[PDB]
Amino acid sequence: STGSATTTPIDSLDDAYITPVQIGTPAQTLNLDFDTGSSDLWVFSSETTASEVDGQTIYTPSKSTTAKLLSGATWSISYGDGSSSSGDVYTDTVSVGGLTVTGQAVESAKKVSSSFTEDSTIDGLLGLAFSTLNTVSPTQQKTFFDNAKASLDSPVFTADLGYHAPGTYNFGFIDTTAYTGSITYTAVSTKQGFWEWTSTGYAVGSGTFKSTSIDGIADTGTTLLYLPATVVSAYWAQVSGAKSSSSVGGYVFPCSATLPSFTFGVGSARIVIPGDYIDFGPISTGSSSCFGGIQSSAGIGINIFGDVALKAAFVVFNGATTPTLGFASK
Ligand SMILES: Cn1c(=O)c2c(ncn2C)n(C)c1=O
């Protein structure tokens, strides 16, 4: 089997991407944030505290003839951005882009933190990291991909995120028309439950490539590119007037600037992030200070190849017995 679904930016900055997901019978379609940095499929629901729902589409398990309470199971998750959610669990039929999993754990939110409430466009998350990170207790649950894997034509999914445009998540096949050149594969460590890999270096603009190992995670659920402070400083030093602002919470730059590209290494291959991908616009409406798309990972504890990096590539998440990651230009 295979599946193919379009993923769409939630706003003009590509802050996140939403992908329609069919849950239950008859189908309830919710727009979920596919997150390769976590492993819970959770949704706004009929159980979510009413004051914490503001425009989201909810899953109502009592209206699904295939929903079953997973008795005694609870979940609770906190994300790198400080947001969180928790609740109980149903199993139900879940389909993405024509690919159907029966008995998928659908984690129903009883509580969500303010950032979720305030984002009316995201109806929940669909985790695509390794199932060892799933938070369901006392019986850990499998991700949608892990449940689908054996049925797939090939045990893979791909992320093809757009810049200010829709893109695609495919399951079970590699669309050879969706990228240019060849795909370069690189080793993954699953020791922390992430799609963790080691970039071979970077360049800033037309500058020379610096060979250096940068361990990080491929994370579709993180907006920006978070790298060591040394690398980030080298990038922003090439933008007149750029500076790190503790009050704003990272590097800002004059909105009048033209940003240089940023290149990252994948083995001997190179992925180029155009400068425009690094512009996240005014820090507040009407401001001439703009927020940067490359930020320091110091204090996070891990480097994160988020959407800014991933949307410059066609990315293969290879879930074979020994997982690997593939990157191609497009
Ligand atoms: C602080 N900040 C962000 O954290 C941010 C942003 N755009 C995207 N992000 C993530 N802007 C404009 C911003 O000012």
# chains A, B, ... in the order shown; residues from 1 in each chain; ligands from 1
>>> residues_near_ligand(ligand="ligand 1", cutoff="8 Å", atoms="only C-alpha atoms and all ligand atoms", output="number ranges by chain")
A: 13, 15, 223-224, 248-250, 280-284, 290-293
>>> residues_around(residues="residue 64 (chain A)", least_positions_apart="5", cutoff="10 Å", atoms="only C-alpha atoms", output="MDAnalysis selection string")
chainID A and resid 23:28 59 92:93
>>> write_last_selection(atoms="C-alpha atoms", output="short mmCIF file (atom, residue, chain, number, x, y, z; two decimals), in the first residue's frame")
data_model
loop_
_atom_site.label_atom_id
_atom_site.label_comp_id
_atom_site.auth_asym_id
_atom_site.auth_seq_id
_atom_site.Cartn_x
_atom_site.Cartn_y
_atom_site.Cartn_z
CA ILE A 23 -10.31 9.55 11.73
CA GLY A 24 -13.19 7.21 12.52
CA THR A 25 -16.28 5.92 10.76
CA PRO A 26 -17.80 7.88 9.14
CA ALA A 27 -14.60 9.87 8.61
CA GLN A 28 -13.93 12.93 10.70
CA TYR A 59 -12.76 14.51 17.03
CA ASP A 92 -9.86 4.02 15.76
CA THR A 93 -9.32 3.83 12.01
#
>>> residues_around(residues="region 305-307 of chain A", least_positions_apart="6", cutoff="6 Å", atoms="only C-alpha atoms", output="PDB file with N, CA and C atoms, in the first residue's frame")
ATOM      1  N   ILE A 217      18.647  16.734  14.609  1.00  0.00           N
ATOM      2  CA  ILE A 217      17.466  15.961  14.282  1.00  0.00           C
ATOM      3  C   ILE A 217      16.696  16.568  13.128  1.00  0.00           C
ATOM      4  N   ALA A 218      16.136  15.708  12.289  1.00  0.00           N
ATOM      5  CA  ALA A 218      15.246  16.156  11.227  1.00  0.00           C
ATOM      6  C   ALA A 218      13.844  16.255  11.802  1.00  0.00           C
ATOM      7  N   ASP A 219      13.348  17.487  11.954  1.00  0.00           N
ATOM      8  CA  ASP A 219      12.147  17.740  12.749  1.00  0.00           C
ATOM      9  C   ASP A 219      11.146  18.629  12.007  1.00  0.00           C
ATOM     10  N   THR A 220      10.160  18.004  11.374  1.00  0.00           N
ATOM     11  CA  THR A 220       9.170  18.749  10.614  1.00  0.00           C
ATOM     12  C   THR A 220       8.267  19.595  11.505  1.00  0.00           C
ATOM     13  N   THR A 222       9.256  21.552  13.964  1.00  0.00           N
ATOM     14  CA  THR A 222       9.946  22.756  14.419  1.00  0.00           C
ATOM     15  C   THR A 222      10.071  23.690  13.224  1.00  0.00           C
ATOM     16  N   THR A 223       9.747  24.964  13.425  1.00  0.00           N
ATOM     17  CA  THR A 223       9.736  25.927  12.336  1.00  0.00           C
ATOM     18  C   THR A 223      11.129  26.248  11.792  1.00  0.00           C
ATOM     19  N   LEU A 224      12.051  26.524  12.707  1.00  0.00           N
ATOM     20  CA  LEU A 224      13.335  27.126  12.372  1.00  0.00           C
ATOM     21  C   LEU A 224      14.480  26.122  12.373  1.00  0.00           C
ATOM     22  N   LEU A 225      15.635  26.607  11.953  1.00  0.00           N
ATOM     23  CA  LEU A 225      16.888  25.854  11.954  1.00  0.00           C
ATOM     24  C   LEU A 225      17.721  26.284  13.151  1.00  0.00           C
TER      25      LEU A 225
END
>>> closest_residue(among="A:21, A:122, A:302, A:315", to="residue 176 (chain A)", atoms="only C-alpha atoms")
A:315
>>> residues_around(residues="region 181-186 of chain A", least_positions_apart="4", cutoff="12 Å", atoms="only C-alpha atoms", output="NGL selection string")
:A and (158 or 174-177 or 195-200 or 215 or 218 or 265-271 or 313-318 or 322-330)
>>> atom_distance(atom1="CA of residue 309 (chain A)", atom2="CA of residue 227 (chain A)")
10.9 Å
>>> closest_residue(among="A:187, A:242, A:133, A:234", to="residue 257 (chain A)", atoms="only C-alpha atoms")
A:242
>>> select_by_dssp(residues="region 58-214 of chain A", states="helix (DSSP H, G or I)", output="list in words")
residues 61, 62, 63, 114, 115, 116, 117, 131, 132, 133, 144, 145, 146, 147, 148, 149, 150 and 151 of chain A
>>> closest_residue(among="A:207, A:124, A:216, A:228", to="residue 40 (chain A)", atoms="only C-alpha atoms")
A:124
>>> atom_distance(atom1="CA of residue 134 (chain A)", atom2="CA of residue 213 (chain A)")
28.8 Å
>>> select_by_dssp(residues="region 56-293 of chain A", states="strand (DSSP E or B)", output="PyMOL selection string")
chain A and resi 59+68-78+84-96+99-112+124-127+137+156-160+167-171+184-187+189+196-204+210-218+225-227+243-245+250-254+262-266+269-273+279-282+289-292
>>> decode(residues="region 108-138 of chain A", atoms="N, CA, C and O atoms", output="PDB file, in the first residue's frame")
ATOM      1  N   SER A 108      -6.880  11.569  22.746  1.00  0.00           N
ATOM      2  CA  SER A 108      -7.897  12.604  22.851  1.00  0.00           C
ATOM      3  C   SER A 108      -7.502  13.600  23.932  1.00  0.00           C
ATOM      4  O   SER A 108      -7.302  13.221  25.091  1.00  0.00           O
ATOM      5  N   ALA A 109      -7.346  14.862  23.562  1.00  0.00           N
ATOM      6  CA  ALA A 109      -6.937  15.872  24.534  1.00  0.00           C
ATOM      7  C   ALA A 109      -8.067  16.249  25.482  1.00  0.00           C
ATOM      8  O   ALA A 109      -9.173  16.604  25.064  1.00  0.00           O
ATOM      9  N   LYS A 110      -7.781  16.163  26.770  1.00  0.00           N
ATOM     10  CA  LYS A 110      -8.631  16.783  27.784  1.00  0.00           C
ATOM     11  C   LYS A 110      -8.166  18.200  28.086  1.00  0.00           C
ATOM     12  O   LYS A 110      -8.976  19.072  28.386  1.00  0.00           O
ATOM     13  N   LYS A 111      -6.856  18.420  27.993  1.00  0.00           N
ATOM     14  CA  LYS A 111      -6.248  19.723  28.253  1.00  0.00           C
ATOM     15  C   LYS A 111      -5.212  20.021  27.182  1.00  0.00           C
ATOM     16  O   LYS A 111      -4.484  19.129  26.758  1.00  0.00           O
ATOM     17  N   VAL A 112      -5.155  21.275  26.745  1.00  0.00           N
ATOM     18  CA  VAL A 112      -4.077  21.755  25.876  1.00  0.00           C
ATOM     19  C   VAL A 112      -3.583  23.099  26.405  1.00  0.00           C
ATOM     20  O   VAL A 112      -4.338  23.841  27.036  1.00  0.00           O
ATOM     21  N   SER A 113      -2.314  23.412  26.157  1.00  0.00           N
ATOM     22  CA  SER A 113      -1.759  24.679  26.612  1.00  0.00           C
ATOM     23  C   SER A 113      -2.164  25.806  25.665  1.00  0.00           C
ATOM     24  O   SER A 113      -2.683  25.583  24.563  1.00  0.00           O
ATOM     25  N   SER A 114      -1.922  27.027  26.113  1.00  0.00           N
ATOM     26  CA  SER A 114      -2.452  28.208  25.448  1.00  0.00           C
ATOM     27  C   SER A 114      -2.028  28.338  23.989  1.00  0.00           C
ATOM     28  O   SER A 114      -2.814  28.786  23.156  1.00  0.00           O
ATOM     29  N   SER A 115      -0.805  27.948  23.655  1.00  0.00           N
ATOM     30  CA  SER A 115      -0.349  28.105  22.281  1.00  0.00           C
ATOM     31  C   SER A 115      -1.158  27.231  21.326  1.00  0.00           C
ATOM     32  O   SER A 115      -1.349  27.600  20.176  1.00  0.00           O
ATOM     33  N   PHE A 116      -1.635  26.074  21.794  1.00  0.00           N
ATOM     34  CA  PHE A 116      -2.499  25.239  20.963  1.00  0.00           C
ATOM     35  C   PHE A 116      -3.873  25.887  20.801  1.00  0.00           C
ATOM     36  O   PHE A 116      -4.390  25.991  19.686  1.00  0.00           O
ATOM     37  N   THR A 117      -4.449  26.352  21.905  1.00  0.00           N
ATOM     38  CA  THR A 117      -5.748  27.007  21.864  1.00  0.00           C
ATOM     39  C   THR A 117      -5.741  28.171  20.898  1.00  0.00           C
ATOM     40  O   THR A 117      -6.682  28.352  20.119  1.00  0.00           O
ATOM     41  N   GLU A 118      -4.659  28.941  20.939  1.00  0.00           N
ATOM     42  CA  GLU A 118      -4.551  30.175  20.181  1.00  0.00           C
ATOM     43  C   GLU A 118      -4.294  29.958  18.696  1.00  0.00           C
ATOM     44  O   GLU A 118      -4.382  30.905  17.910  1.00  0.00           O
ATOM     45  N   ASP A 119      -3.968  28.729  18.311  1.00  0.00           N
ATOM     46  CA  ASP A 119      -3.773  28.408  16.909  1.00  0.00           C
ATOM     47  C   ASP A 119      -4.963  27.608  16.389  1.00  0.00           C
ATOM     48  O   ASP A 119      -5.019  26.384  16.520  1.00  0.00           O
ATOM     49  N   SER A 120      -5.900  28.305  15.765  1.00  0.00           N
ATOM     50  CA  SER A 120      -7.148  27.691  15.327  1.00  0.00           C
ATOM     51  C   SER A 120      -6.969  26.753  14.151  1.00  0.00           C
ATOM     52  O   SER A 120      -7.884  25.995  13.836  1.00  0.00           O
ATOM     53  N   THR A 121      -5.814  26.821  13.491  1.00  0.00           N
ATOM     54  CA  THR A 121      -5.580  26.069  12.249  1.00  0.00           C
ATOM     55  C   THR A 121      -5.043  24.659  12.474  1.00  0.00           C
ATOM     56  O   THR A 121      -5.031  23.858  11.549  1.00  0.00           O
ATOM     57  N   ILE A 122      -4.571  24.352  13.684  1.00  0.00           N
ATOM     58  CA  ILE A 122      -3.994  23.035  13.977  1.00  0.00           C
ATOM     59  C   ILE A 122      -4.927  22.268  14.906  1.00  0.00           C
ATOM     60  O   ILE A 122      -5.177  22.691  16.037  1.00  0.00           O
ATOM     61  N   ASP A 123      -5.432  21.138  14.410  1.00  0.00           N
ATOM     62  CA  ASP A 123      -6.406  20.325  15.130  1.00  0.00           C
ATOM     63  C   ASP A 123      -5.752  19.221  15.970  1.00  0.00           C
ATOM     64  O   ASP A 123      -6.446  18.457  16.640  1.00  0.00           O
ATOM     65  N   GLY A 124      -4.424  19.144  15.926  1.00  0.00           N
ATOM     66  CA  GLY A 124      -3.669  18.150  16.663  1.00  0.00           C
ATOM     67  C   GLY A 124      -2.376  17.839  15.954  1.00  0.00           C
ATOM     68  O   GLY A 124      -2.030  18.519  14.985  1.00  0.00           O
ATOM     69  N   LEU A 125      -1.647  16.854  16.472  1.00  0.00           N
ATOM     70  CA  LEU A 125      -0.350  16.454  15.931  1.00  0.00           C
ATOM     71  C   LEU A 125      -0.384  14.996  15.536  1.00  0.00           C
ATOM     72  O   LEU A 125      -1.087  14.194  16.153  1.00  0.00           O
ATOM     73  N   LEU A 126       0.408  14.658  14.529  1.00  0.00           N
ATOM     74  CA  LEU A 126       0.639  13.268  14.142  1.00  0.00           C
ATOM     75  C   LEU A 126       2.143  13.026  14.188  1.00  0.00           C
ATOM     76  O   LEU A 126       2.901  13.500  13.344  1.00  0.00           O
ATOM     77  N   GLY A 127       2.568  12.301  15.215  1.00  0.00           N
ATOM     78  CA  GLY A 127       3.984  12.095  15.457  1.00  0.00           C
ATOM     79  C   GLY A 127       4.569  11.049  14.523  1.00  0.00           C
ATOM     80  O   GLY A 127       3.953  10.006  14.269  1.00  0.00           O
ATOM     81  N   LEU A 128       5.767  11.322  14.025  1.00  0.00           N
ATOM     82  CA  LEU A 128       6.462  10.452  13.085  1.00  0.00           C
ATOM     83  C   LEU A 128       7.906  10.167  13.509  1.00  0.00           C
ATOM     84  O   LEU A 128       8.695   9.662  12.708  1.00  0.00           O
ATOM     85  N   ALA A 129       8.248  10.463  14.764  1.00  0.00           N
ATOM     86  CA  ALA A 129       9.520  10.004  15.320  1.00  0.00           C
ATOM     87  C   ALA A 129       9.345   8.528  15.740  1.00  0.00           C
ATOM     88  O   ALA A 129       8.370   7.880  15.380  1.00  0.00           O
ATOM     89  N   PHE A 130      10.295   7.985  16.482  1.00  0.00           N
ATOM     90  CA  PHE A 130      10.263   6.560  16.809  1.00  0.00           C
ATOM     91  C   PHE A 130       9.310   6.303  17.972  1.00  0.00           C
ATOM     92  O   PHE A 130       9.163   7.144  18.865  1.00  0.00           O
ATOM     93  N   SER A 131       8.654   5.146  17.943  1.00  0.00           N
ATOM     94  CA  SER A 131       7.581   4.873  18.892  1.00  0.00           C
ATOM     95  C   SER A 131       8.053   4.802  20.343  1.00  0.00           C
ATOM     96  O   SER A 131       7.247   4.914  21.259  1.00  0.00           O
ATOM     97  N   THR A 132       9.361   4.654  20.546  1.00  0.00           N
ATOM     98  CA  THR A 132       9.939   4.689  21.885  1.00  0.00           C
ATOM     99  C   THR A 132       9.696   6.013  22.619  1.00  0.00           C
ATOM    100  O   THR A 132       9.792   6.052  23.846  1.00  0.00           O
ATOM    101  N   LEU A 133       9.362   7.085  21.889  1.00  0.00           N
ATOM    102  CA  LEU A 133       9.025   8.366  22.516  1.00  0.00           C
ATOM    103  C   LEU A 133       7.543   8.525  22.829  1.00  0.00           C
ATOM    104  O   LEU A 133       7.156   9.514  23.447  1.00  0.00           O
ATOM    105  N   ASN A 134       6.699   7.585  22.411  1.00  0.00           N
ATOM    106  CA  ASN A 134       5.269   7.756  22.640  1.00  0.00           C
ATOM    107  C   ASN A 134       4.958   7.828  24.141  1.00  0.00           C
ATOM    108  O   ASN A 134       5.517   7.055  24.923  1.00  0.00           O
ATOM    109  N   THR A 135       4.085   8.755  24.543  1.00  0.00           N
ATOM    110  CA  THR A 135       3.864   9.011  25.972  1.00  0.00           C
ATOM    111  C   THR A 135       2.713   8.232  26.601  1.00  0.00           C
ATOM    112  O   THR A 135       2.461   8.384  27.787  1.00  0.00           O
ATOM    113  N   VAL A 136       2.031   7.378  25.849  1.00  0.00           N
ATOM    114  CA  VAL A 136       0.874   6.682  26.415  1.00  0.00           C
ATOM    115  C   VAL A 136       1.319   5.735  27.533  1.00  0.00           C
ATOM    116  O   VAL A 136       2.301   4.994  27.384  1.00  0.00           O
ATOM    117  N   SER A 137       0.587   5.780  28.642  1.00  0.00           N
ATOM    118  CA  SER A 137       0.860   4.977  29.823  1.00  0.00           C
ATOM    119  C   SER A 137      -0.442   4.279  30.214  1.00  0.00           C
ATOM    120  O   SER A 137      -1.500   4.880  30.124  1.00  0.00           O
ATOM    121  N   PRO A 138      -0.374   3.026  30.684  1.00  0.00           N
ATOM    122  CA  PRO A 138       0.821   2.235  30.992  1.00  0.00           C
ATOM    123  C   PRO A 138       1.329   1.396  29.824  1.00  0.00           C
ATOM    124  O   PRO A 138       2.325   0.676  29.978  1.00  0.00           O
TER     125      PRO A 138
END
